[PDB]
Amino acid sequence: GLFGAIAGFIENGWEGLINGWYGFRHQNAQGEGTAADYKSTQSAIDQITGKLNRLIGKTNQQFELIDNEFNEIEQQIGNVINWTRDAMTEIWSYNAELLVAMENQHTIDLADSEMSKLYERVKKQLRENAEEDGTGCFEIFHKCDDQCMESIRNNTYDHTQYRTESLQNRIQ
């Protein structure tokens, strides 16, 4: 990853995230639980779908026979054909090796940016009410139940409500 989230500061993936691609795992007094952000999963799937749209269902141009495997042709022309054919294959094999290699690179990093973005939002959403732990967690400084953790995922977290309270906790 170029953004340093997937296989970066985030230790690993979650083998129990069936809901989507990226999620929220919260810990509180109520207990542990896991959700999944639709917006950032969908944003990432279309960019992969769009990649396959350009590569699949391509209309190809017609090509006719230039040689003859039953009654063989004048070997001057014949060999010229073979020679050309061989070069054509080499160009395409090179391009296929490169297209995929190049596209896969962009795919991996694109999924990583998505991780980075979602993290970025939550960071800015939480303002001065939480501190990042460095492995992808936010230590919320005010007591925050299942309804409260909801407001973060649902992206409707009024930070003012918990500021004075979680600030006092940040000094002690």
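In this text, residue numbers run from 1 along the sequence as written.
The question of which stretch, 69-77 or 89-97, has the higher mean Cα B factor is settled in favour of 69-77. When the modelled residues of the chain are ordered by C-alpha B-factor, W21 sits in the highest third. In the PDB entry, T135 places in the middle third of its chain by CA B-factor. In the deposited entry, the Cα temperature factor of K51 sits in the middle third of values across the chain's modelled residues. The entry lists a Cα temperature factor for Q168 that places it in the lowest third of the chain's modelled residues. Compared with the other modelled residues of the chain, the Cα B-factor recorded for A111 ranks in the middle third.
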